[PDB]
Participant: 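One structure, as structure tokens, below. Some questions next.
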Amino acid sequence: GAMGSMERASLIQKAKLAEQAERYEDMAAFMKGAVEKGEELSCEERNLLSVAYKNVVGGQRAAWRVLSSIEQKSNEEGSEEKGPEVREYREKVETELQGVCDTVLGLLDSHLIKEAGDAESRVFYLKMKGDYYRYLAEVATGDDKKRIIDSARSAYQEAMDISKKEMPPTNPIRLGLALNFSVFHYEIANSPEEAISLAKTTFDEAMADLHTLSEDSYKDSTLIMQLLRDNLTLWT
Amino acid sequence: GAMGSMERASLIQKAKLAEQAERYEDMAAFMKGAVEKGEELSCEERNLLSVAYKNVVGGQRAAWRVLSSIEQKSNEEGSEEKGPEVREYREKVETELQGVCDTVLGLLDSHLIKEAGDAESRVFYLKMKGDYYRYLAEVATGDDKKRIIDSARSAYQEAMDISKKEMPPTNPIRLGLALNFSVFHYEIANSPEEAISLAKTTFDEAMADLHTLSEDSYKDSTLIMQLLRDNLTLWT
Amino acid sequence: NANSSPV
Amino acid sequence: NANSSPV
Ligand SMILES: [Cl-]
Ligand SMILES: [Cl-]
Ligand code: NA
Ligand code: NA
Ligand code: NA
Ligand code: NA
Ligand code: NA
Ligand code: NA
Ligand code: NA
Ligand code: NA
């Protein structure tokens, strides 16, 4: 791989420079190189991996949605035939998006999850596994779709089980996992009641634990609690 | 080239889809493919070429500025030695930016400028030649720098001579050329007085011609006149 | 339009 | 910070 000759610390340093420059494709390539050195990632390094790939796949998902909507307007009654180009270009962006998700999933499987023993690393990686299967599910239409949805659900569920045994209800990883699994239920699994129940229980259990926190921890937890309440406001 | 098998009209159609999806690298690759079909570009197709490459090089220029500023903070008295990584990464983004500029310049030279006989096409391409030599000048530091600056100046000057013979003073191409050549004088050529004189004469000659325009032409011209006045406000 | 976790 | 032509 093209980063094989670069020191691990230099890859981390350049990932941070790439973030500052809003060069997220470079950031992701640097962090892939760092993971492929074979050492476990620190907390900060796990968050650089997540920021890089979330920005890359976020642009692809936004593009895919725009193209899918145009392809939808084209298959309506009265719409002029314009040829294969919209489908072809949606397919090109879809394939690229699937490739990024497969790359992240492959890093998690080789070998980040198997080496992750502490709750804060293992939950973080299992959440990421759920997230990138969720992004695959957003574009899935084939014989595959049920198994991709179940892979997302399974990863999220294992992360949830660990988080509820090992982390306080205010832990930001635990909160963001619950937030994302609730969105999985709403947007992917056709389970809006499950989505709403999880968001409300998560919010209420975090509320009750805020008294234990420092000012800085309180700010970290309440930021994600607000996202839970924003979804509940949208959904109810 | 990878677009050689795609119809010209399909490349144009996909460039527009890529714009809507904010996929500017794809947009630029589609428009490069369209130019390489060898036919002249329409007005709309020239503006798709310009939008695509301006967005690609704009992201690279923004990243280069962030990295150059960090590399500047590193060469100050008291700054800790952090190794070659900032310079290496600035160099990587610089090389990529130079590659995009060389690609645009190569399309203009093979063969868009030589085939462009109407003032509206020839001025547009010569302006673009000045612009991408200007972006090369922004990062030039070598034995090359004077010749790159002179190449920008020469292209802009030929565009200016044609525009003042062949176009009204309100023509948006003529206005945007003058705007950009004024920025060349201010930012590249160390000629702020020339920059200010050109911006003010351009603005005043356009003001005097607005009475001839339709409401829609008036809106197009006044939008670029406001950019001239915004620069004059910054510079005086 | 669902809010997911910020990176 | 100079304004150049909008694409
Ligand atoms: Cl395509
Ligand atoms: Cl580099
Ligand atoms: Na090493
Ligand atoms: Na078509
Ligand atoms: Na371990
Ligand atoms: Na614990
Ligand atoms: Na053809
Ligand atoms: Na270093
Ligand atoms: Na011609
Ligand atoms: Na004319």
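First listed ligand is number 1; within each ligand, the first listed atom is number 1. Both backbone and side-chain heavy atoms feed into the values below; hydrogens, waters and symmetry mates do not. Labels below follow one simple rule: chain letters A, B, ... track the order of the sequence lines, proteins then strands, and each chain is numbered from 1.
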Participant: Mind checking the CE-CD1 spacing from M128(A) to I113(A)? Nearest 0.5 Å is all I need.
Facilitator: 10.0 Å
Participant: Any donor and acceptor pair, going by atom type alone, linking the side chain of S182(A) with main-chain N or O of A178(A) inside 3.5 Å?
Facilitator: no
Participant: Near the Na ion (ligand 9), which protein N/O/S atoms are found at less than 3.0 Å?
Facilitator: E40(B) OE1, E40(B) OE2, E115(B) O
Participant: State whether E88(B) and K14(A) are salt-bridged, where the test is any N-O pair (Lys NZ or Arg NE/NH1/NH2 against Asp/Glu carboxylate O) under 4.0 Å.
Facilitator: yes
Participant: Can you name the one residue among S69(A), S68(A), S74(A) that meets side chain to side chain donor-acceptor pair (under 3.5 Å) with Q72(A)?
Facilitator: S68(A)
Participant: Can a donor-acceptor pair be found, under 3.5 Å and without considering hydrogens, that links the side chain of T202(B) to the backbone of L198(B)?
Facilitator: yes
Participant: Start with the C-alpha gap between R23(A) and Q60(B), add the side-chain angles, then the distance that decides, and say whether side-chain contact (heavy atoms from CB on, under 4.5 Å) holds.
Facilitator: CA-CA 9 Å; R23(A) 291 276 293 195; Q60(B) 296 171 317; 4.0 Å; yes
Participant: If you measure from CG on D209(B) to CG on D204(B), what distance do you get to the nearest 0.5 Å?
Facilitator: 13.0 Å
Participant: Is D161(B) salt-bridged to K165(B), going by a charged N under 4.0 Å from an acidic O?
Facilitator: no
Participant: Does either side chain, that of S5(C) or that of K54(A), offer a donor lying less than 3.5 Å from an acceptor on the other one?
Facilitator: no
Participant: Are side-chain heavy atoms of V183(B) and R134(B) found at a separation under 4.5 Å?
Facilitator: yes
Participant: Check all N, O or S atoms of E166(B) and name the one closest to the Na ion (ligand 10).
Facilitator: O
Participant: Quick one: name the protein N/O/S atoms under 3.0 Å from the Na ion (ligand 4), chain by chain.
Facilitator: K82(A) O, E85(A) OE1, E85(A) OE2, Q13(B) OE1
